[PDB]
Amino acid sequence: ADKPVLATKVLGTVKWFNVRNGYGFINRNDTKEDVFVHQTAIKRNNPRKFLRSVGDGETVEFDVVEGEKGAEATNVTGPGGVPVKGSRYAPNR
Amino acid sequence: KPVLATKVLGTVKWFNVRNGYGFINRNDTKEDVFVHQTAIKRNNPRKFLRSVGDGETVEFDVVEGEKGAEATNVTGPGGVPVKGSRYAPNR
Amino acid sequence: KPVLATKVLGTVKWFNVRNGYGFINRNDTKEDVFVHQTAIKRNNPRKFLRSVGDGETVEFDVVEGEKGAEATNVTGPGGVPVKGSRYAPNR
RNA sequence: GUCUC
RNA sequence: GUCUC
């Protein structure tokens, strides 16, 4: 869980996230490239949802690490470290 | 490079605008074919960057590259321009 | 310019033909080095512009230039010609 | 767990 | 000619 750090505190827009499969892609607002995001990377989840998720089109803040199969998001939160909004496909508690 | 099919319809799966490549899913064979920026024949006239967009229907020829099938002469259906990526600014 | 390493194998991370530069990730140290189009020693004869291509394996020396570690005498593995970039048109 | 419930 | 066609 110690993967090299390529960039820190990057702002991105969730392109899409699939709750069933537990991954999606965030598009970096600076470079407009996609970054793979797994459901385990989400640090400050929506407290009203049990499952970890981000929702399509949501603004998120994160670090980029060199993952096992490419660049990966980690430490994903809302802007300024607030909880994410979560996917509308992730059920509320 | 040998021609494997002409005038096929496919759905763009994703396209990376920072480095200019993505993949198309052919609607007949459901295989994936690589698409490079340089293979787009009829680009969106309103955008400077040459690109295609996720989910877009495109029409293309398919050739055999080193590492797999590649799209070429890529257009929108009927030869009209592609829509291009949401991540490529308009002029 | 002082030499930091000779005969390094690396993988092109990206190379922009329009601006004439890119980065190579060294296969031994996994560090990035800058490469300018003037540093390519064995270009692909069948492309007009000088370039290397995304994901290609290159062999080079590492010098320290004005703005950081820099790649020089860039060839393909063993000194053969590089493959070059898809963005560099073929003759 | 790399282009979708 | 130091993170982009």
Side-chain angles (χ1 to χ4, degrees), chain A residues 1 3 6-7 10 14-28 30-42 51-56 64-74 86-91, chain B residues 10-25 32 35-40 43 47-56 85 87-89, chain C residues 1 12-25 31-40 49-54 63-72 85-89:
Chain A
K3 313 199 206 166
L6 311 166
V10 177
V14 174
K15 176 166 93 166
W16 62 261
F17 190 87
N18 190 274
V19 177
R20 177 69 58 186
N21 307 326
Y23 78 90
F25 296 91
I26 307 152
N27 191 264
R28 303 179 50 162
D30 56 352
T31 59
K32 309 303 191 192
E33 39 186 20
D34 288 344
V35 177
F36 175 84
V37 55
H38 189 252
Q39 53 93 10
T40 54
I42 297 149
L51 290 168
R52 281 175 309 258
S53 87
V54 292
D56 304 348
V64 190
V65 297
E66 170 68 10
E68 166 205 1
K69 290 180 284 290
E72 293 183 352
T74 189
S87 170
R88 190 75 68 190
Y89 286 85
Chain B
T11 302
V12 175
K13 307 181 64 212
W14 53 273
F15 191 81
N16 170 345
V17 295
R18 192 155 175 86
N19 273 312
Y21 60 90
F23 288 86
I24 299 155
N25 192 261
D32 291 350
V35 59
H36 193 256
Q37 204 205 31
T38 53
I40 301 169
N43 275 295
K47 305 170 190 272
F48 174 87
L49 293 178
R50 316 289 186 120
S51 75
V52 290
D54 303 359
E56 183 180 2
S85 170
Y87 303 113
Chain C
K1 295 180 180 180
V12 176
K13 184 177 285 185
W14 57 266
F15 185 88
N16 188 277
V17 166
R18 167 179 192 97
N19 299 313
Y21 75 88
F23 294 87
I24 299 157
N25 190 252
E31 298 171 318
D32 286 343
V33 287
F34 174 92
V35 55
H36 190 259
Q37 52 86 6
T38 55
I40 309 167
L49 297 175
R50 286 188 293 236
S51 77
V52 291
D54 307 74
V63 78
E64 182 174 358
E66 320 180 9
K67 295 180 179 184
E70 206 182 13
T72 188
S85 174
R86 288 174 184 267
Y87 278 92

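In what follows, chains carry the letters A, B, and so on, assigned in the order in which the sequence lines appear, proteins first and then strands, with residues in each chain numbered from 1. We use all heavy atoms of the structure for the numbers below, so side chains are in, but hydrogens, waters and symmetry mates are not.
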| task | Measure from the side-chain heavy atoms of A/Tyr89 and tell me the nearest of E/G1, D/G1, D/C5. | result | D/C5
| field | Minimum-distance nucleotide (side-chain atoms of A/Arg20 versus E/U4, D/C5, D/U4) | value | D/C5
| request: Would you indicate what C/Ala71 reaches in the nucleic acid, counting non-hydrogen atoms under 4.0 angstrom: base, sugar-phosphate, or nothing? | output: nothing
Could you give the side-chain donor-acceptor pairs of residues 64-71 of chain A under 3.5 Å, partners two or more places apart or in another chain?
none

| request: Would you indicate which nucleotide in E/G1, E/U4, D/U4 comes nearest to any side-chain atom of A/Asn18? | output: D/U4
| message | Syn if the chi torsion is within 90° of 0, anti otherwise; quick check, which is D/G1? | response | syn
| Is the backbone N or O of B/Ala88 less than 3.5 Å from a side-chain atom of B/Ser51, with the two atoms forming a donor-acceptor pair by type? | no
| Just wondering, do A/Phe17 and D/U4 stack (centres under 5.5 Å, planes under 30°)? | no
| query | Between D/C5 atom P and A/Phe25 atom CZ, what is the distance in whole Å? | reply | 13 Å
| field | Closest to side chain of C/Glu70, choosing from E/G1, D/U2, D/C5 | value | E/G1
| Side-chain (A/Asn27) to main-chain (A/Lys32) donor-acceptor, under 3.5 angstrom | yes
| query | Hey, is the side chain of A/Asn21 poking within less than 4.0 Å of OP1 or OP2 on D/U4, counting only N and O atoms? | reply | no
| remark: Between CD1 of A/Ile26 and P of D/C3 the distance, given in whole Å, is 16 Å
| When you measure from the side chain of A/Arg52 to the backbone N and O of A/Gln39, does any donor-acceptor pair fall under 3.5 Å? | yes
| message | Heavy atoms within less than 4.0 Å of RNA chain D: which residues of residues 31-39 of chain A have one? Give them sorted by number. | response | A/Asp34, A/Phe36, A/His38
| Using 30° and 60° as the class limits, which term best fits the ring planes of C/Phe23 and C/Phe34: parallel, tilted or perpendicular? | perpendicular
| said: Of the listed nucleotides (E/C5, E/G1, E/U2), which one gets closest to any side-chain atom of C/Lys67? | reply: E/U2
